[PDB]
Each structure stands twice: as structure tokens, then as C-alpha cells.
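# Quick one, what's the 3D model for this:
(chains A and B, ligands or ions: 1)
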Amino acid sequence: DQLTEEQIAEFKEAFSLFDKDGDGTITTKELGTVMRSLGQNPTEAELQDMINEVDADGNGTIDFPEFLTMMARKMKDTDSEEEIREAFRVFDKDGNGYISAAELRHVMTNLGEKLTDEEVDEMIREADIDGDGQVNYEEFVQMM
Amino acid sequence: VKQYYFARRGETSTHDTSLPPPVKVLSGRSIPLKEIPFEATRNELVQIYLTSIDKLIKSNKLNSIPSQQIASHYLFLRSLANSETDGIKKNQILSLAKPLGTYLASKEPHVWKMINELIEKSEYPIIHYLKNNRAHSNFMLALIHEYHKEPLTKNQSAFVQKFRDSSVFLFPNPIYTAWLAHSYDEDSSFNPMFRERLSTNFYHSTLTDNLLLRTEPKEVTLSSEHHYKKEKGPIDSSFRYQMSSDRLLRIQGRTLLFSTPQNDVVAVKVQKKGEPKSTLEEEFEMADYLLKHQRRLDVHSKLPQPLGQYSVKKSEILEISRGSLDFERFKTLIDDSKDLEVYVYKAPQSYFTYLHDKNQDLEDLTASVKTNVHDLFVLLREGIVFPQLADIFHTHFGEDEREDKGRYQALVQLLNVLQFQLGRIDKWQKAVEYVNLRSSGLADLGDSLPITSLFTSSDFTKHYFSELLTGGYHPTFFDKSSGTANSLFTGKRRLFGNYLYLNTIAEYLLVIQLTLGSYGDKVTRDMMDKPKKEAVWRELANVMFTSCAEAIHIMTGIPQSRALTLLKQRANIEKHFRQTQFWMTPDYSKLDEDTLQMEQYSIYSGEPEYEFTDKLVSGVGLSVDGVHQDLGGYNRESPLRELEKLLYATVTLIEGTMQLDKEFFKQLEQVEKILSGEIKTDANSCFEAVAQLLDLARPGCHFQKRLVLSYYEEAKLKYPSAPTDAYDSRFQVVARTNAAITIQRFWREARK
Ligand SMILES: Nc1ncnc2c1ncn2[C@@H]1O[C@H](COP(=O)(O)OP(=O)(O)NP(=O)(O)O)[C@@H](O)[C@H]1O
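Numbering: from 1, shown residues only, chains lettered A, B, ... in the order given. Pasting the structure now:
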């Protein structure tokens, strides 16, 4: 598998902005910053490792196709079910381990990249959730 | 295989070097010109507003004005407070703003609770309150004229005479920028237009003027590897093409087409009337360049391969081309000299079909216009300007005598004095009959002009837009006391470089519209199918709006999907589709005055019907000569109104996004120098600096807010027991959206 089109669209905009002179080549002196923008939690060790591996020449210019490949090397494994579970439990007000169906619908519709009702109703029905039931997000991530 | 452009975007001091003399001569009288400091004069107006605020609160008559004016006053004062870093001024303004809160909280609880909702959202809480027609009331200027019982300064009086439209024009740099990028999103019910006693006043130009008169003067530099510095050695060509008339396809202009075994075309170009060898060696070097670096820029066009460039005897060319039908026109186009220079290249067939050929179906055109729009703008960024796509001329009565040289300016409101509406095009049907856009990509590259030359006083810039570099003179502007010319215009001299960057982009998209406009009419002429008629027109309206969306995506780097939404707010596609359908067809020429008025009203829903006093010509329409159709009446605006509206929404988006993101970088470099341990203050100042950083994010974008979120968490960790009352709610929302995205991204798995 490879990265989706949404991820291409996000990594573009971000890297096209951070090109402080709009030439098509970002400076390595600031690479660490833009990586945080794309949802990475970096340490200085890995940053210096990427500096050396790409800029052994000493130019210090990073281009779009290289940036996508280096990000793919990072995005090999960083997140798991635990990262998803924490992202679910920020809705879990009381530490019970269950979430409401109507609230999940709302946030999936209202925020980010708006879903359709048909897709979110599929998300509920195929998860084997009762309409008047609470959604075990731990069990849901285990099922997905 | 590194895809990197050889241009470099930077910043200089001022362009004002080797300009025309800043003097106008009228009947022998030498009148000089002087500048009003825009920044200074506005700042003076801001300060005068503040003393007027003080005067009113001293008056104790807050009952005198409606509640909505008061609410606006409150939200603006709190925003001006946060935008200023002067501590003494900050304390002054908050002391000024407090009694307003004392009144509004007490008297009107409904509106007050609405404001308090808005105060927690964003610490620029004016931009979120003026995202509708509440703007069209000028609260600041009205209040000034109310309470400024002093003789006005002249400079200020001249300023407010140009920008009487809105109150938004008096915000300092960061706040205004954020508003003018935030008035495009799904929330905004904004429309740059208002009615006043049956007099419609548009100002969808004035917004662009007022943004650009703030930005730092842009300056390009080409790197050493670029063509227009690389002193490449002469073209070594020993290859000759023995020509046979037996293989001639056709003749066009000064070009001959000959068949190949590979289904391709080998073409011969002969030199023009007065065009020397200079253009022909230039075109050759261009084509060799743009095939050497086709992998770099990833220019999508099938581009022509050159082969040879030398001289030939005229007799052979005259002997060979004699067979064809159009020999008289070809004979007159070549020069009288017996030694004629040639230029040969090889191309796919689709190179010699003009984009506006009616033998193409819709999908082929869709993906052909897409290809051509992308290749124009990708090239532009590199540093190559195409001035000579189409010879769109305004008139031919003043051609030489007048300033603009009859050359159509797409932004004629920006580059002149007291010129508002976009101008009548003349004989347009023919004016793009030899347009450079071809169904296989870009063509005729020999007329190229380095982008650097758009910023200097080159032959071109000095030739065409003289009255930009000169300085604005107008009868009324003349002050007898000073004997010199004062304006808010003259100051455009230092900053003309930007106005010629956006004029490039705006003229490009106008070539695209006229071409798609000509195609449509040419194919729909022979149609009886009124549903199919709209089916063709609707398709070419959509292709136009996809075209502007590919423009913005390459220039500024917004994803196209979002960019289309950020456009389709402004120029309501349905109006634009209809305007075109009507104003380009010879159909309306067969109407009476009453049927015309009924068709006019139905097509210009909200705006007034178009007024004109020309006598129509059967089969043609409006004509100055009497054979070729125009666009618009005699000495009036374009009938393609919503085309102007789309053009200004394209530019104000490109400039107003690059400028905003220059603002965001200033604030981030600020906040980090706070966090690291160089600039040392308390929690409140730190929280404020992070709150401002969130408010200068791109419209409806996600990742930018995600970055600031990370900073806020680092900031809150740094200050352990710091109060978090003000800034939990905003980041909470941002936190929730980051969560929602992650969930939605993982879901993308319902496959296999
Ligand atoms: N590119 C353009 N060139 C010329 N006129 C334009 C252009 N764009 C718009 N106009 C319109 O020109 C109108 C004024 O007519 P114009 O011909 O410029 O001046 P005039 O006062 O009629 N005298 P004159 O210039 O000598 O013909 C304005 O209403 C503008 O909208």
C-alpha cells in the first residue's frame, strides 16, 4: 500500500507554505518545524539523521518527491490502536470506556472533512451498535 | 530528478530607480507630483478616531446611536487592543473600551451575550462580526464626521474620498489581512456591493487596491542556471530539409505544414515583415531549453522539437507554396528581401488546431484547457512571461495618441485614475482567431519576456503602462497653494512591480474566457436544441471555474477542491453562465426593446439592468464599424460583469493569501523567541501571542491550527499554575477536530 490522495493534498499545502521564498525547495534548517505540522512528535536525533542522509552534499534544499518519501519513511510505524483510542477518549468525558452515538454522528459530520450520512450510518450499523446503546470505542477499534 | 524552480522570490527596498521624470506638462506648464504617506495618514486617522471615542464617552450620549453601532465599536476596540504591542497605548485603549462594556452588559443582554460568545472564539473578534452586510455601514467615518469638530487635514480628506466605502479600511495590517482572507469562507455572506438611492456602488476593486498598498515591494531574481543569463553558444545546425510540394498539407500565416510517416507534422516558418534573425534564434533557443528541462518543471504540454534555422532563396519558397489556395496572403506576409530566414520544427497534429476549433467534443476541450492553463502558470512561476497570447485591443481611434496604447488592461481600475469599470472589448471574435492556445498545449514562445523586466523600466513597461510609472494627474487633484500634485495614487510608483504581476495573471485568464466564449458561440450557432444550448454553455462555465482553481493551486498552494469553494462564494456560477450565453450570441440581435429589457432583468437578478444607447445590427449586434461584433456599448463597461467579479476574486485571493502567510511567519518567529528563552515576559503575554498565532491561519485549513495547538501545549507546560480561563474553549475545538480527522483517516479502510 501507499499514502492516500488526502495525505498528498495535506503534505503539499504545508510544504508549499513553508517554502519561505516560494521556489520549490525548503531549507533543512527548519525541517523539524513542518514535520510537527503534519502530525509527528520528533526528537532531535532522528532530525539530524534525516539531515545527514539527504544532505550529505551540503546544499540544504529539500524537494517535494524527496519530502514525501522521507515522510513515508517516518510514517512507516508511529501510530497504532492506542493512538486511535486516545483520539477517541478525548470525547469520553467520564472514564467508563463508552461513547454516545448521536455525538459521534455530529462530530463526524460537522468537523474536518465532512462525511456523508450514508457513510456514518454504515459506520454505526456495521459496528453492531444498538441505536439506544453506547459505543465501546475500545471494542470498535479492536473490530476495525 | 529534483523538481525545483529557478526563480527566487524576495524583497527589496523600493523600485524607484531610473523612472520617468515625476512631472506632468500641461500647456507648457510644469507641474511636479508628490506622495501622500498612506501608512502615516491612516495611522493619523486611527488616532483621531480614538480621540473621537473619548469625546463621545465624555458626552454621555450612548443612547443616540443604534445598538449595532455600539457593539461594532466595542469589538473593534478590543481587537485594536490585542493588535498593538505598545503597552501604554494598550492600557489607554482598554480604559477607553471598558465603559462601553459597562453600558452594553447592563442595557441589552441579548446582543452582549452574542459578543461574549465571539470574544472566546478569536482574539481578533472584529473579523468574525463583520462577515456580512453589517460592513456596508461605515461606523468609523460617520463617528469622525460626527465628533471631529476640527478642520480636517487635506491628506486625510483625500484618503477618505477614495475609501468612503467601508469601515474595514482603517484596521492595521494584521487584522485587515485576516479579514480579507476570511471573507471568502462558507460562513461569509459577504458581497462587495451596496445600494443607495437607486445608485449601485461596486467596490470589488477597492478591496484589492487597499490590500496591495500595504505589501512590501516584490523583487524577483533568476539563478545562474536560468536561460536569460546563461550565455549559450550559437545554434550549430548543418541539418537541411529538402522540401517537396507533393507532401504539403496546408498553409497558415507564415507557416507551411508537411506530412511525416510518423503521423506527426514537420513545419516551416518564414520570417515576418520586419522581424530580424533575432526572434528566430530566440525561439530556437527557447524550444531547446524547454525540452531540456521538461522533467524538472513537469510541463504537461507536448512541446515542439526544433530541427534547423538558416537562410533560403525566396524563389524556391515562392515556387513550392504556389499550389495552395491562400497564396496572395502568404506572398504579402513575407518580406521583399530575396534572402529569407527559416525555422523548422516537428510537432503532433493537435499543435495546429486552435483551442477554439468546433470539431472537438466537450471532454477533449475540458482536459485540453486544463493542460494549457497549468502549463501557462507553471511557466510563469519559473520566470517566463507571455505578453502576446492575443491582441485584445480596446479601440483604434486613439491607438498611438492615448496612454494605454489601445492595449486592454484586465485591471483597468487599479492602474489608472478615476477608471472604475472594465472596458469595452473590440472585434473580439477575430481578436482571438489566432490565439496561441492549442489543444496540445502552449505555442509560439519566441515572444517571451523575463519576469525581471516586469519590475524594471524595460522597453515593454515604458511602452505600454506609462501613466502608471509617470504618476496620476487629474484636474481636481491640482493644489494651487503647493503648485504640485498630491494623490494616494502617486505612491504606486514605488510599488508598481506588484500591480504588473497581478495584471499578468488577470490578462491570462481573460484570454481563456474569450477563447471558451468563442468556441461556445461558434458551435452553438448551428443549434435548435435550447436544452442542449444550455448544456454546452454550462459545461464551458464550469471549465472556466476549474481553470481559475488550477491557477490558485499552482500560485499559492491551496488544494484545488477548497479553492473552488473559496471562489464559488464570490462569482455565482449561474449568473456567469447566463451572462455568457446571452452576450456572445447573435440571437438577441433579433429582439425588440421590451423583450431585451425583460431578458436583461432576468439575467442580472440583483444588480440593475445594463444601460446602452447603441443601435443594433442584424446578425452582428453592437458594432462600431458594422461587420464585427463587440462586447458592450460605445464607451461603456463590459456586459460580461460577473467575469470582472471573478477576475478580482482571483487576484485578491492570490495576493491576500501570500500576504497573510507572510504575516503568520512574523508571528511564529515572535512566539518561538518567547518560548525558547530570549524574550522574557509573563503568562498573559505568552498566551496572547499564541492566541494571535491561531488567528492568522489560512481560511478553513486544518494543519496550521494543528501546529499552533502544539505550541499552546508547550506554553501551558512551561507556565505551571498559569490561569487557563480565556483559552480553553478555542483550542478545545481545535483539539476535537484533530481527533475527528484521525478517526476519519483510519476509517479509510472500508475496501477490499
Ligand atoms: N483598457 C481600457 N482602455 C480604455 N478605456 C477603458 C479601458 N477599460 C475601461 N475603460 C473605460 O473607459 C471609459 C472612459 O472612456 P475613455 O475612452 O477612456 O475616455 P473619454 O473620456 O471617453 N475620452 P477619450 O479617452 O479621449 O476617448 C471608462 O468608463 C472606463 O470604464
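
# what about the nearest residue to residue B:385 once chain neighbours are set aside, neighbour count?
Sequence neighbours aside, residue B:449 is the residue nearest to residue B:385 in space, at 4.7 Å (criterion: Cβ to Cβ, 6 or more residues apart in numbering or on different chains). All C-beta atoms are positioned from the backbone trio N, CA, C, and that covers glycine. Other residues near residue B:449 number 19, with proximity taken as other Cβ atoms under 10 Å in any protein chain shown.

# who are the neighbours in contact with residue B:449?
Taking Cβ atoms under 8 Å, 6 or more residues apart in numbering or on different chains, we find residue B:449 in contact with B:384, B:385, B:386, B:387, B:458, B:460.

# That one and chain A, how far apart?
Residue B:449 sits 20 Å away from chain A, going by Cβ to the nearest Cβ, to the nearest Å.

# got it, and residue B:672?
Distance, residue B:672 to chain A, using Cβ to the nearest Cβ: 9 Å.

# so that residue is in which element?
Counting by DSSP states H and E, the element that carries residue B:672 is helix B:641-675.

# list the buried ones in that helix?
Within helix B:641-675, the residues that count as buried by 16 or more other Cβ atoms under 10 Å in any protein chain shown are B:641-661, B:663-664, B:667-668, B:671-672, B:674.

# picking up where we left off before, mind checking the backbone torsions on the residue nearest to residue B:385?
Phi and psi for residue B:449, reported as degrees, to the nearest 10, are phi -140, psi 110.

# same question, residue B:313
phi -70, psi 140.

# next one: the one 5 residues further on
Note on residue B:318: backbone dihedrals following degrees, to the nearest 10 are phi -70, psi -30.

# which SS state does the residue lying closest to it once chain neighbours are set aside fall under?
Among residues not flanking residue B:318 along the chain, residue B:331 sits closest, at 7.4 Å (Cβ to Cβ, 6+ apart). Here residue B:331 is recorded as helix under DSSP: H, G, I helix; E, B strand; the rest coil.

# what number of residues lie near residue B:331?
For residue B:331, the count of nearby residues is 12 (other Cβ under 10 Å).

# which non-adjacent residue is nearest the residue in chain A that chain B sits nearest to?
Residue nearest to chain B within chain A (Cβ to the nearest Cβ): residue A:16, separated by 2.9 Å. When the adjacent residues along the chain are set aside, residue A:16 lies closest to residue B:557, with 2.9 Å between them (Cβ to Cβ, 6+ apart).

# mind listing what whichever residue of the stretch 351-500 of chain B sits closest to the ligand touches?
Closest to the ligand within the stretch 351-500 of chain B is residue B:423: 2.3 Å, counting by Cβ to the nearest ligand atom. Residues in contact with residue B:423 (Cβ under 8 Å, 6+ apart) are B:394, B:408, B:409, B:412, B:632, B:637, B:638.

# hang on, residue B:697 in a strand?
No - checked against three-state DSSP, residue B:697 lies outside a strand; its state is coil.

# Apart from its neighbours in sequence, what residue is nearest it?
Spatially, and ignoring its direct neighbours in sequence, residue B:697 is nearest to residue B:704 (4.1 Å; Cβ to Cβ, 6+ apart).

# got it, and residue A:97?
Per Cβ to Cβ, 6+ apart, closest to residue A:97 is residue A:138, 5.5 Å.

# Dihedrals phi and psi, that neighbour?
With angles defined as degrees, to the nearest 10, residue A:138 sits at phi -70, psi -50.

# got a list of what the residue sitting nearest the centre point of chain A touches?
The residue lying closest to the centre of chain A (Cα atoms, centre = their mean) is residue A:39, at 5.6 Å. Contacts for residue A:39 were tallied using Cβ under 8 Å, 6+ apart; they are B:706, B:738, B:742.

# residues in contact with the longest helix anywhere in chain A?
When chain A is parsed with DSSP state H, its longest helix is helix A:5-17. For helix A:5-17, the surrounding residues in contact (Cβ under 8 Å, 6+ apart) are A:22, A:26, A:34, A:37-38, A:64, A:67-68, A:71, A:113, B:556-559, B:561, B:661, B:698, B:701-704, B:745, B:748.
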